[PDB]
């Protein structure tokens, strides 16, 4: 190991945001603080000087952004309430309003977050699990934090993935979330402006490890068309990818890369098949320097390859 990688909590929550290839990665250290590593031409930071807040030990860690002008990072307090670390270009980091709403969730809740796509307005949807084990949506629309739609029961401690996109022929944003049900299947729920939340749960994988990590991305929104990727940790201790491709739907799935037992996962993407893309990056723990966070890369140039072997501070 290394002294730096020794600072990364084993099975830490991981989240990532980006503006094309300007990347930020959030993780928790062994004392419970949440740190930011970055990629701006090269990898940097992730030290005790790069802490954006503190969270309960073992906390989920989720994030979303509008490019890098606005970033929000979501974690649990000691009292099991949702909280938010916020960055706005020209203000810096501050403790965001979410904490003041005091939304109590299950102690074992995960979190996902999206800014709604296709608008310059700052509109947030956050998803977590209540003590009754239902997935609850929370909303920010300029005018305070409030509860949105409840999306029903899920496996207690399920991972939660989410993405927002805007079809080019639609008048408003779409949302897709994925989570695990009590029968251990992984499923999709969906929101479109004309149908609200579709009533049906779409199974994407028949059987996954209980409480397995779940992360998702989308890219290349066209007219009634989208590309999506969903990642989870399977029973072979590897990340699997499930693919949605326009014209084929959910058509493929298979192993991507090995990880440590119980690794968390984050995914980011940019570009499109139409313009020499997409670019995909996964972050996870595969046991490099024992406890470092590693990267995986997909691009047009080389397809599937390992990336940065060990992120800062390793």
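Positions refer to the first chain, counted from 1.
- If you average the C-alpha B-factors over 150-158 and over 86-94, the higher value belongs to 86-94.
- As listed in the deposited structure, the average C-alpha B-factor of 141-149 and of 177-185 is greater for 141-149.
- Highest CA B-factor among 33, 263, 276, 269, as stated in the entry: 276.
- Of the candidates 229, 72, 207, 211, it is 207 whose Cα B-factor is highest according to the PDB record.
- Ranked by Cα temperature factor within the chain, residue 27 sits in the lowest third according to the deposited record.
- Annotation for residue 305: CA B-factor lies in the highest third of the chain's modelled residues.
- Per the PDB record, residue ranking by Cα B-factor puts residue 199 in the highest third of the chain.
- Looking at the C-alpha B-factors along this chain, the one for residue 225 belongs to the highest third.
- Residue 110 sits in the middle third of its chain by CA B factor, as recorded in the PDB entry.
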